[PDB]
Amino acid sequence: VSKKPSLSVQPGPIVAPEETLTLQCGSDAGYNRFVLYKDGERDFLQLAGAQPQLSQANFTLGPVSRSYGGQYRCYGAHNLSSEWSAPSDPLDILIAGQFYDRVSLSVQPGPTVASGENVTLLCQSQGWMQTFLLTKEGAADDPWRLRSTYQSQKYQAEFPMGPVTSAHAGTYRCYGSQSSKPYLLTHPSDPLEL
């Protein structure tokens, strides 16, 4: 039970079917191998090797399907011993395009703005969704999960951005979600350009 490794995803936890995302299993505890597991699956998926001085191993999930949705963990080990590290923190991976119903991403004012404008891009759907995820073709770190409201025979959720800055003007996407299927997401909506 050594220092657990860290599991990150590039560029995000949301992957479309037939696509690829890479997982990084790294540590500063100087491991020389890492093993990737999927929570609730007996055999490990992959096993690699590294070189510390920190050490790292990349795992790639090739052309993904619905069944790739779930929780992943990795372990680190040293050269000689068979002692494997403590489990890493669980990585949630979600799969897009897994519902019949589709969602639409609109914008309250317009796609074109000068700084200080309050924009409120919307995410709608005729089909039932519990939560809507807002994401950005951006650099890093986490989708924005809001809960849905049934407005005008149409489920939706407003995403306030308030006073806008240059750091905002990227590419957007929203998804629909149901809690019965945690790691499954609706088809992405069309990109919205700011």
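Counting begins at 1, following the sequence as shown.
Missing deposited residues between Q53 and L54: 1 to 3, all without coordinates in the entry. When the mean C-alpha temperature factors of 16 to 24 and 167 to 175 are read from the deposited coordinates, 167 to 175 comes out higher.
On average the C-alpha atoms of 119 to 127 have higher B-factors than those of the other stretch, with 68 to 76 and 119 to 127 being the two compared. Highest C-alpha temperature factor among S104, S88, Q98, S82, as the PDB entry reports it: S82. Between the residues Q153, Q46, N58, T149, the entry's highest C-alpha temperature factor is the one at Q153. When the modelled residues of the chain are ordered by C-alpha B-factor, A140 sits in the highest third.
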